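Student:
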Ligand SMILES: [Cl-]
Ligand SMILES: [Cl-]
Ligand SMILES: [Cl-]
Ligand SMILES: [Cl-]
Ligand SMILES: [Cl-]
Ligand SMILES: [Cl-]
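Chains as they are written, first to last, in full-length UniProt numbering: chain A, 12 to 237, 240 to 248; chain B, 12 to 237, 240 to 248; chain C, 12 to 237, 240 to 248; chain D, 12 to 237, 240 to 248; chain E, 12 to 237, 240 to 248; chain F, 12 to 237, 240 to 248.
Laid out in structure tokens, this is it:
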């Protein structure tokens with residue numbers, strides 16, 4: 012059955028870890044685009060300024076949006092994945108989510124996985140925690156999803172995962188916790204943590220390309236910053 | 012390059028000839044759906060009453076809409092077609108058309124063909140006229156498209172084909188003329204006329220299934236209605 | 012717990028039987044209005060022309076709409092009912108229904124009953140059939156709801172009752188069948204049939220005012236039309 | 012001060028009398044267009060099918076809409092008039108009217124006159140009745156506006172004239188009654204009746220061009236239809 | 012006659028003084044909710060992030076919105092109040108205000124009072140100034156409303172109070188000035204100042220619960236912060 | 012032929028240089044307003060707070076918007092200009108631009124010039140650079156428009172100028188570079204630079220009123236600030 016894997020830039024995307032995880036799937040598997048949501052309905056353009064680029068001689072415009080593409084995995088046991096690469100919208104989240112659920116429906120998506128990253132309290136000197144959230148009582152058993160204590164502000168990931176369950180489409184979101192003292196956008200170690208966890212859930216071989224090297228580089232890069242509150246945040 | 016073939020039920024669809032032509036492509040080539048336009052924006056539901064059907068025990072609802080699917084043709088020289096099967100909307104035609112053009116854009120559609128049928132003044136005792144309309148000066152040469160005298164009310168086919176040219180996406184619509192004295196929805200002869208003409212334009216083998224038989228049946232069926242204004246409309 | 016009883020003029024309202032049933036509840040129980048849906052979003056005004064009336068000297072305008080009021084029943088065992096009196100909208104039915112469901116939610120409505128009438132094949136010489144429709148498996152048992160064979164075009168009643176179950180709000184619609192040979196808008200006998208059936212479902216004493224007389228009058232009125242296909246439609 | 016004169020095709024426009032009155036002003040005074048309302052918001056396009064015309068070689072599309080132009084009258088005592096030429100919209104009348112009132116406001120319009128025609132009970136053998144409607148208590152005195160008994164369905168003219176008074180912009184609509192037995196769209200006699208009455212209200216010389224001849228022609232044309242219920246409708 | 016009392020969190024709500032005043036009315040009088048405005052139309056959700064809470068085991072979502080409830084006061088001389096508790100919207104203020112005015116209309120609201128707080132130049136060592144704003148010339152006399160010099164940026168309170176007068180619904184807003192050097196959200200003294208002034212206007216006994224104590228506590232709390242520009246801002 | 016000159020406050024308007032250039036045209040030529048875009052569709056009102064002013068006694072509200080007026084220039088060789096004075100919208104830029112293009116179309120605008128200012132790296136001790144941007148290959152020759160290297164975030168000016176070319180309406184935007192170390196809103200020198208360049212493009216005498224003096228004042232004003242990185246930014 013087809014699975015939708017989504018990720019959104021901005022507030023639910025602590026090191027761009029989640030957004031680059033899906034980018035990575037789209038790239039490695041050469042994903043074929045078939046839909047972009049109409050930015051006009053969702054995006055404040057002063058907050059999300061569109062950009063101009065030059066193609067041959069000519070000026071062209073890129074809008075913020077959420078784009079849908081299909082990848083064809085994988086083994087002798089083949090499969091379609093529906094990737095959703097978006098910026099978190101600034102308005103009409105209920106419609107936004109309905110729009111994705113319509114695609115999910117037309118495509119017969121059987122499971123929605125959403126990826127995110129937040130800033131947490133774990134050192135770089137140690138592996139990245141990934142935790143799930145689901146309101147599907149079935150999936151809660153069917154994987155080991157530890158639990159959810161969380162009460163507070165939520166984002167489009169939270170909203171989308173809830174829209175799914177109200178729709179009766181099984182969904183789970185995976186969260187990676189990124190060391191808050193080192194939060195700058197290139198974070199290969201946490202991207203990798205997400206991708207590994209997704210693989211166990213979906214049961215799909217993911218090609219990790221240059222990522223395992225990148226993450227090691229990052230760590231033996233950060234380690235050079237020698240002030241050690243990481244000692245404090247380990248005991 | 013990918014081609015979009017569209018057709019709309021109602022006023023531009025004289026014997027359901029055009030709408031069944033695309034249905035036929037979708038069926039024969041086992042087309043895979045990936046998007047439906049949001050009916051909420053386009054359809055007056057008293058004019059286009061949605062229906063209820065029973066699936067196993069359970070009630071389910073079908074809305075009027077315009078649905079998009081992909082077919083993979085064909086030879087050792089393969090190709091993707093994007094089929095659009097719609098009801099003509101009752102409102103916001105400019106947005107409707109923009110919505111299809113966005114899909115066309117994301118998918119890299121290089122040519123849009125729209126199919127239609129109108130009631131004309133040709134006998135059943137004779138082959139079905141199919142004529143093109145284009146505002147692409149190139150295509151006008153590149154095929155033989157005889158000409159357009161037409162001035163008058165237009166439909167979503169007309170509008171869509173014009174939205175394309177303003178967008179700089181080459182488009183043509185093919186029209187079949189259906190004998191007005193015999194206009195009842197099963198019209199295999201004209202469906203076939205459209206499909207033949209499309210094949211010459213797109214250069215794609217179309218499997219005609221039971222259609223060539225159906226059309227012959229229809230004619231040797233109508234012929235039994237023996240009042241002969243068809244004699245009058247031949248000289 | 013609060014119950015919402017809704018009814019819509021037009022296609023689901025064969026003798027205005029259903030719409031006058033709710034009018035009757037609103038009148039007899041002196042229902043207090045608190046909301047009208049914004050007509051601007053739902054109604055084609057050429058199909059539903061608004062009217063002008065004179066209040067004292069002054070011109071005033073009535074729009075088609077769907078209005079919500081509260082009634083306080085009843086015994087030493089009191090209760091609130093939420094009445095919905097609408098015209099069937101011509102557009103955006105999904106939003107329309109969401110709008111009613113939001114009110115239902117804010118008000119803590121525990122059950123939605125929708126009333127309708129259709130033209131059927133029962134004589135005036137015999138009692139009016141009322142049948143239910145529900146997709147709540149619970150209510151299906153909890154009342155005796157015979158069954159649903161129906162597949163075909165549906166209306167806002169059908170849609171609303173389905174929107175409820177998808178929302179997880181128990182809903183049922185009650186249908187009365189009105190003799191098609193006598194379909195003219197004053198139909199007290201069928202209004203009464205609905206009101207009786209509602210009373211059994213909700214367990215609420217409904218004051219029937221002048222209705223029981225009216226219905227008898229109607230029958231001893233129609234009976235004078237003495240051509241007897243009613244004999245044919247009884248055996 | 013600038014005056015807005017509006018007229019709408021369809022239900023408030025019995026012989027196209029009102030719509031051609033404004034057309035006549037636009038033509039004779041060579042009115043300069045500056046705005047069309049966005050059809051997309053107001054018009055059902057199956058009811059108001061847009062048309063295609065040929066300009067030089069090229070196909071071009073005309074949408075139903077409501078267009079605004081400025082005329083510069085007149086004497087040594089000059090004046091601007093704002094003409095509104097529309098089709099009655101099928102939806103969002105409240106917004107439609109607000110949109111016109113915004114233009115009225117930006118332009119500093121001090122008075123809105125709306126023209127209409129209905130089918131009445133006066134013979135062709137006699138002059139055309141024109142009656143006003145206003146809810147401005149001032150104008151009611153300031154002209155002789157006989158009175159308004161009318162209660163019933165209204166149109167966009169009625170709505171617009173009421174939107175004005177709620178907005179505190181003085182407005183009046185003038186109605187001509189067109190003999191119902193002769194209702195076919197060319198009606199120069201009633202167009203002329205409107206134009207005459209407008210002239211008295213606005214105090215503006217209107218050039219009547221070929222109209223006074225046309226109306227005489229029409230009458231000495233209808234008179235030839237010699240069945241005389243006009244005798245009946247005079248006593 | 013029914014009175015609407017509204018208050019909005021954010022920019023017009025200096026110590027949450029105004030928003031807690033209405034909360035207090037809703038709580039003390041056990042107000043019954045009947046409507047929330049559709050957040051989807053008004054709220055940027057990155058600015059107003061919705062929250063997730065746990066109910067029993069289950070995740071549930073709270074959106075920013077403006078909610079309407081009814082309270083039944085009071086004496087042997089009873090009364091209904093309509094409370095409006097909102098966040099100031101970030102968009103479509105004209106529609107927002109129309110939406111509240113529609114409720115006001117359906118409910119027959121005769122007067123709208125809006126509460127607000129701003130940061131002013133009065134010491135904590137002295138009572139809180141409350142001033143009114145009205146464009147109802149009647150109310151201006153009917154209460155003593157000192158005057159309005161104010162010209163500058165306005166908020167939804169300002170807009171709403173103006174929308175009312177244009178609608179011909181009498182409205183006044185009451186403003187409390189909160190010492191700018193002590194602006195942190197718990198401000199019982201100013202909440203109390205609003206409630207007292209409202210009581211004089213509406214002529215309704217308001218139960219002040221723990222507030223009179225709270226305000227005294229606050230003052231004998233702030234007084235401990237002993240730098241005395243309050244001496245400077247008194248002479 | 013009529014020319015549209017537009018300018019937008021905010022991000023594309025470095026010293027309010029561009030916005031005051033158009034203000035200056037509107038003032039000097041006594042431009043007559045005929046349309047404002049509906050703020051409701053485009054503006055976040057917390058970011059663009061509307062203001063209240065007093066007219067005689069009475070409170071009145073000004074919304075952020077984009078307003079259109081006509082000026083009649085000029086010589087024995089007369090001309091109409093359409094001025095557009097706006098704030099950059101925060102949402103629906105595609106519609107915003109379509110709305111302006113509709114006016115352009117109704118008015119028969121043949122060329123659109125958009126004015127802007129950015130912060131650049133030129134000293135106050137030297138003339139203000141103005142550079143053009145166009146995607147009209149014709150205009151690129153027809154004026155000397157040096158070239159465009161620019162790739163990056165764009166604004167409504169960029170978007171509008173691109174919407175024009177896609178629409179087949181020739182458009183160019185003129186940019187002035189304002190010394191970043193002196194960016195405070197009164198910048199007469201750069202306003203003047205824009206106006207001069209516009210004059211050469213449009214071939215229209217622009218009355219500069221007090222501006223040439225103002226700019227000199229500004230420079231002999233800034234020069235007094237005597240830290241000299243301007244020496245550094247000249248070599
Ligand atoms: Cl979450
Ligand atoms: Cl056509
Ligand atoms: Cl049904
Ligand atoms: Cl009327
Ligand atoms: Cl204010
Ligand atoms: Cl740019």
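Every residue gets a Cβ at the ideal spot worked out from N, C-alpha and C, and that includes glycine.
Under 7 Å Cβ-Cβ, which residues of chain A neighbour residue 105/E?
Tutor: By 1-based counting over the fifth chain, the position of residue 105/E is 94. By Cβ distance, chain A contributes nothing, its closest Cβ being about 17 Å from residue 105/E, past 7 Å.
Student: Could you tell me whether the Cβ atoms of residue 202/B and residue 47/B are closer together than 8 Å?
Tutor: In the second chain, the residue the question calls residue 202/B occupies position 191. In the second chain, the residue the question calls residue 47/B occupies position 36. No.
Student: Can you find the residues in the same chain that come closer than 8 Å, C-beta to C-beta, to residue 222/D, ignoring five residues on each side of it along the sequence?
Tutor: The residue labelled residue 222/D in the question sits at position 211 within the fourth chain. Cβ within range, chain order: 35, 199, 202, 203, 206.
Student: Starting from residue 56/D, find everything on chain F with Cβ-Cβ shorter than 7 Å and list it in chain order.
Tutor: Position 45 of the fourth chain, counted from the first residue, corresponds to residue 56/D. The contacting residues do not exist; residue 56/D stays about 17 Å from chain F at best.
Student: So if I threshold CB-CB distances at 9 Å, which residues from the segment 153-166 of chain D count as touching chain I?
Tutor: Judged by its chain identifiers, the structure shown contains no chain I, and its protein chains are A, B, C, D, E and F.
Student: Could you check whether the segment 117-130 of chain C touches the segment 182-200 of chain C, counting it as contact only if at least three pairs of C-beta atoms, one from each stretch, sit closer than 8 Å?
Tutor: yes
Student: State yes or no: is the C-beta of residue 169/A nearer than 7 Å to some heavy atom of ligand 1?
Tutor: Within the first chain, residue 169/A is the residue found at index 158, counting from 1. Relative to ligand 1, the beta carbon of residue 169/A is positioned inside 7 Å of a heavy atom.
Student: Kindly indicate the opening and closing residues of the alpha helix (DSSP H) around residue 233/B.
Tutor: Indexing the second chain from 1 puts residue 233/B at position 222. Start and end: 222-233.
Student: Which two residues bound the contiguous beta strand (DSSP E) that contains residue 90/E?
Tutor: On the fifth chain, position 79 is the one that residue 90/E refers to. That run of the beta strand (DSSP E) goes 89-98.
Student: So, with DSSP's three-state summary, where would you put residue 176/E?
Tutor: Position 165 of the fifth chain, counted from the first residue, corresponds to residue 176/E. Three-state result, residue 176/E: helix.
Student: Using the C-alpha atoms, what's the distance from residue 147/F back to residue 77/F?
Tutor: As a working note, residue 77/F is residue 66 in the sixth chain. As a working note, residue 147/F is residue 136 in the sixth chain. Going from the Cα of residue 77/F to the Cα of residue 147/F covers about 25 Å.
Student: Let me check understanding here. Comparing Cα to Cα, which of 86/D, 100/D, 155/D lies closest to residue 59/D?
Tutor: One-based indexing of the fourth chain puts residue 59/D at position 48. Comparing Cα-Cα distances from residue 59/D to each of 86/D, 100/D, 155/D, the minimum goes to 100/D.
Student: Would you mind telling me which residues of chain D sit closer than 8 Å to residue 146/B, beta carbon to beta carbon, in chain order?
Tutor: Here the question's residue 146/B lines up with position 135 in the second chain. Within 8 Å Cβ-Cβ: 69, 70.
Student: Express the C-alpha separation of residue 21/F and residue 193/F in angstroms, rounding to a whole number.
Tutor: Against the sixth chain, residue 193/F aligns to sequence position 182. Against the sixth chain, residue 21/F aligns to sequence position 10. Taking the straight line from one Cα to the other gives about 16 Å.
Student: Show which residues of chain D have a CB atom less than 9 Å away from the CB atom of residue 173/B.
Tutor: Within the second chain, the letter at position 162 stands for residue 173/B. Chain D residues near residue 173/B: 63, 70, 71, 72.
Student: Restricting to Cα atoms, I'd like to know which of 169/A, 138/A, 145/A, 215/A is closest to residue 247/A.
Tutor: Indexing the first chain from 1 puts residue 247/A at position 234. Ranking 169/A, 138/A, 145/A, 215/A by Cα distance to residue 247/A puts 138/A first.
Student: Are the C-beta of residue 121/B and some C-beta of chain A separated by less than 8 Å?
Tutor: By 1-based counting over the second chain, the position of residue 121/B is 110. Cβ-Cβ to chain A under 8 Å: no for residue 121/B.
Student: Should residue 70/E be labelled buried (16 or more other beta-carbon atoms within 10 Å of its own) or exposed?
Tutor: Against the fifth chain, residue 70/E aligns to sequence position 59. Flag for residue 70/E reads buried.
Student: Quick one: give me the first and last residue of the alpha helix (DSSP H) that residue 114/F is part of.
Tutor: The residue you call residue 114/F lines up with position 103 of the sixth chain. Where residue 114/F is concerned, the enclosing alpha helix (DSSP H) stretches over 104-118.
Student: By DSSP's criteria, residue 142/D is part of a beta bridge. Which residues make up the other side?
Tutor: Along the fourth chain, read from residue 1 onward, the residue named residue 142/D stands at position 131. According to DSSP, residue 142/D bridges with 186/D.
Student: Considering Cα atoms alone, identify which of 136/F, 229/F, 171/F is closest to residue 15/F.
Tutor: To locate residue 15/F, count along the sixth chain from 1; it is residue 4. That would be 171/F, whose Cα lies nearest to the Cα of residue 15/F.
Student: Answer yes or no: do residue 95/B and residue 118/B have a C-beta to C-beta separation smaller than 8 Å?
Tutor: Locating residue 95/B in the second chain gives position 84, where the first residue counts as 1. Locating residue 118/B in the second chain gives position 107, where the first residue counts as 1. Cβ distance not < 8 Å, so residue 95/B and residue 118/B don't count as in contact.
Student: Got a sec, what are the start and stop residues for the beta strand (DSSP E) residue 193/E sits in?
Tutor: Here residue 193/E refers to the residue found at position 182 when the fifth chain is read from its first residue. Boundaries for residue 193/E: no beta strand (DSSP E) harbours it, and the DSSP string shows neither H nor E there.
Student: For chain E, is any of its Cβ atoms less than 8 Å away from the one on residue 117/C?
Tutor: As a working mapping, residue 117/C is identified with position 106 in the third chain. Chain E has a Cβ within less than 8 Å of the Cβ of residue 117/C.
Student: Compute the minimum distance between the beta carbon of residue 161/B and the heavy atoms of ligand 1, and state whether it is under 7 Å.
Tutor: Translated into positions along the second chain, residue 161/B becomes position 150. In this structure, the C-beta of residue 161/B stays at least 7 Å away from each heavy atom of ligand 1.
Student: How would you list, in chain order, the residues of chain F whose beta-carbon sits under 7 Å from the beta-carbon of residue 102/E?
Tutor: If you number the fifth chain from 1, residue 102/E lands on position 91. Simply 55, 56.
Student: In the DSSP assignment, the alpha helix (DSSP H) including residue 201/E goes from what residue to what residue?
Tutor: Translated into positions along the fifth chain, residue 201/E becomes position 190. Unbroken alpha helix (DSSP H) run through residue 201/E: 199-213.
Student: Please state the DSSP three-state secondary structure of residue 42/C.
Tutor: Here the question's residue 42/C lines up with position 31 in the third chain. In this structure, residue 42/C counts as coil in the three-state DSSP scheme.
Student: Candidates 109/E, 166/E, 150/E, 92/E: which alpha carbon is nearest residue 62/F's?
Tutor: Looking up residue 62/F in the sixth chain gives position 51. Ranking the options by Cα distance to residue 62/F, first place goes to 166/E.
Student: What are the boundary residues of the alpha helix (DSSP H) that includes residue 245/E?
Tutor: Translated into the one-based positions of the fifth chain, residue 245/E becomes position 232. Here the alpha helix (DSSP H) through residue 245/E covers 242-245.
Student: Consult DSSP for residue 128/A and reduce its assignment to one of helix, strand or coil.
Tutor: Indexing the first chain from 1 puts residue 128/A at position 117. Correct three-state label for residue 128/A: strand.
Student: State yes or no: is the beta carbon of residue 60/E nearer than 8 Å to at least one beta carbon in chain A?
Tutor: For this step, residue 60/E is matched to residue 49 along the fifth chain. At least one chain A Cβ lies under 8 Å of residue 60/E.
Student: Compute the Euclidean distance between the alpha carbons of residue 228/B and residue 84/B, then round it to the nearest angstrom.
Tutor: Along the second chain, read from residue 1 onward, the residue named residue 228/B stands at position 217. Along the second chain, read from residue 1 onward, the residue named residue 84/B stands at position 73. About 29 Å.
Student: From the beta carbon of residue 113/D, is the nearest beta carbon of chain F less than 8 Å away?
Tutor: Within the fourth chain, the letter at position 102 stands for residue 113/D. Closer than 8 Å to some Cβ of chain F, the Cβ of residue 113/D qualifies, so yes.
Student: Just verifying my parser: in three-state terms, what is the DSSP assignment at residue 164/B?
Tutor: Taking the first residue of the second chain as position 1, residue 164/B is located at position 153. Correct three-state label for residue 164/B: strand.
Student: Mind checking whether residue 183/B and residue 219/B have CB atoms under 8 Å apart?
Tutor: The sequence position of residue 183/B within the second chain is 172, counting from 1. The sequence position of residue 219/B within the second chain is 208, counting from 1. No. Outside cutoff.
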